[PDB]
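Single chain ahead, written as structure tokens, the form deposited in one PDB entry.
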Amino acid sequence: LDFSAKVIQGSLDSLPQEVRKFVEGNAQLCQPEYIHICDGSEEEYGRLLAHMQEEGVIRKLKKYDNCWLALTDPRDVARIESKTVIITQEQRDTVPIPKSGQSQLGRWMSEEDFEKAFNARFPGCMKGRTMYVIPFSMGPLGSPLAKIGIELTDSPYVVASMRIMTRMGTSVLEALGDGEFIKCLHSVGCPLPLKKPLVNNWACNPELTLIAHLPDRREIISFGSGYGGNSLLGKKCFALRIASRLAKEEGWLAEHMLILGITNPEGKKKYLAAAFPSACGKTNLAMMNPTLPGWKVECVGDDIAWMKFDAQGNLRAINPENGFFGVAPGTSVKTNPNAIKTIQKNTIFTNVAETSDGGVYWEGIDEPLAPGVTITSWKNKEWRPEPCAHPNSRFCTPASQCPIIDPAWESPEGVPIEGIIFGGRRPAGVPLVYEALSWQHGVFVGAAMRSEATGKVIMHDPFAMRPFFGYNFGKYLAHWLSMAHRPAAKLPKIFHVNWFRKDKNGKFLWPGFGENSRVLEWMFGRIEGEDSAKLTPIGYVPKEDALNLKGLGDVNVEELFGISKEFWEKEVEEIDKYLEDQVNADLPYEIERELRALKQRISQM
């Protein structure tokens, strides 16, 4: 009952009553050998890294300043949606009841089934291991938008990564007090003595992997995987799934959006948010190096945004994270030079390749290696240019190290969002940029998002939230629409972008990268009320010569902004059937109305 004798750091007595209960009740259940209450200190961090190094769990990267490499079990390398569930009394609160097929907008599990699953996994699960108690805040410590969690885990890798990806340690505990917190429980599911072989010194249990959310109990319970999205419970589980439910209840928004600040040559600054599918491109835009002279781009965050209208009706956003857990492959000086600078210090890498001189390597890194330098792949074999890095391999780096981190990125009141950008991977039919005709149309544009996966398949990913909805997507849509009836709400301009448009030959029509600053300039000007737009059936596009195309030469703007009736007829039809099937009885009136209006404008082409 009393686990005081097994505490190796901190004190049960010093914790708040409800934090003590959570820790102890789970210590009784999981049966850890020790309990380690994290203080978040450098001493704690450095010593835990050194200990993972002793046990072959991580390798130090001698080329850089305090960087580390973990290579995982090939079976445990990404989020598993088919094993990710939300528990509520009624299925319909978690997912809309689909008309004809299976739901693509979430996975419900009953309380009864979950309790059985829990009981078959967690008892004894931490035997012989340390239970780490991680107090963490999501958002700047003083922010009224910030929310506090306690994560218990038996993985040192999760602890170190949480120190980066959240604000972690003693000060969180002192701030929390007798307040409320999200209860976060995680185990890798490998009690000692090990029943099964350990692969690549990476403890996991694929067969029993389960990532569960119980919003009504304020608990996140995750078993069997050590990989980021499944084990860093503050991130997807808390900051999108639980938080989007809380957001709905409390009248704010929790979204899968990057946040950047952009300043023009006359000193005026605006903040924008953007939701793109997990098929990334977010971190690139969030850290964009703008080519346009006199423009500046600074990063507030690259993944998640918690947004709330303030008393003045401004939509205020914070980044609830403390770091960047970005996709490593494809990251280069060319694609994201700001990312390269960030990750050369104090960064934990996972499943990337290692050079013989202790550097990192991945596909699309585009840095020649000196003759003499050989490469060891993420699978721990020598490698010759099978990919040297796993395609979902990662870097985990502090946000404060980004050389263009926004000076207001930790401001407790957040930053005012004046524009919201949706977008996706569309080779055909969708213009480079357009602007929604209204808030209601803008919500429909988010609802309608489609993107080509990596023959090709084009999938729906509404609001970039398909894997992340905390609750019924229809009600989520209703929640977005309600904002139009909030008292002083200054509703931001909604835009949609497609970097991926190809010509007949399969070649990109837009150069992208830092040239995307040119599209951001147009957005900026439209927010200022400029007359730079032309009306089309799908929304406003830049009118003749509105974009700055100087220094690019002859970009084919006709094709790049071409809108075909036959394509868009097909598009609205496909969207109609998707919303009817997947949202069904929960599709709000106003979304059906936007659908009809779009169909109608197209038919008149």
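Just so we're on the same page, rigid core means the largest C-alpha set that superposes within 1.5 Å between forms. Don't overthink the numbering: it's just position in the shown sequence, from 1.
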> Just how many deposited residues go unmodelled from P487 to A488: none, 1 to 3, 4 to 9, or 10 or more?
Replying inline: none
> Unmodelled stretch from the deposited sequence between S400 and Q401, which bin: none, 1 to 3, 4 to 9, 10 or more?
Replying inline: none
> Between 401-409 and 441-449, which has the larger average Cα B-factor in the PDB entry?
Replying inline: 401-409
> Comparing 147-155 with 509-517, which has the greater mean CA B-factor as deposited?
Replying inline: 509-517
> Whose C-alpha has the highest temperature factor in the PDB entry: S137, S356, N205, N498?
Replying inline: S356
> Taking the Cα B-factors listed in the entry, which of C280, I164, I220, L246 comes out highest?
Replying inline: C280
>> Where does the C-alpha B-factor of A70 rank in its chain, lowest, middle or highest third?
In response: middle
> Lowest, middle or highest third of the chain for the C-alpha temperature factor of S482?
Replying inline: lowest
> Among the chain's modelled residues, which third holds the C-alpha B-factor of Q53?
Replying inline: highest
>> When the deposited Cα B-factors of this chain's modelled residues are ordered and cut into thirds, is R121 in the lowest, the middle or the highest one?
In response: lowest
> What third of its chain, lowest, middle or highest, does the C-alpha temperature factor of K570 fall into?
Replying inline: middle
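Keep in mind that the form deposited in another entry is not shown, yet the notes after this line are about it.
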> If you line up the core, which of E413, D357, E219, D503 has a CA that moves 2 Å or more between this form and the one not shown?
Replying inline: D503
> So with the core overlaid, does the Cα of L29 end up 2 Å or more away between this form and the one not shown?
Replying inline: no
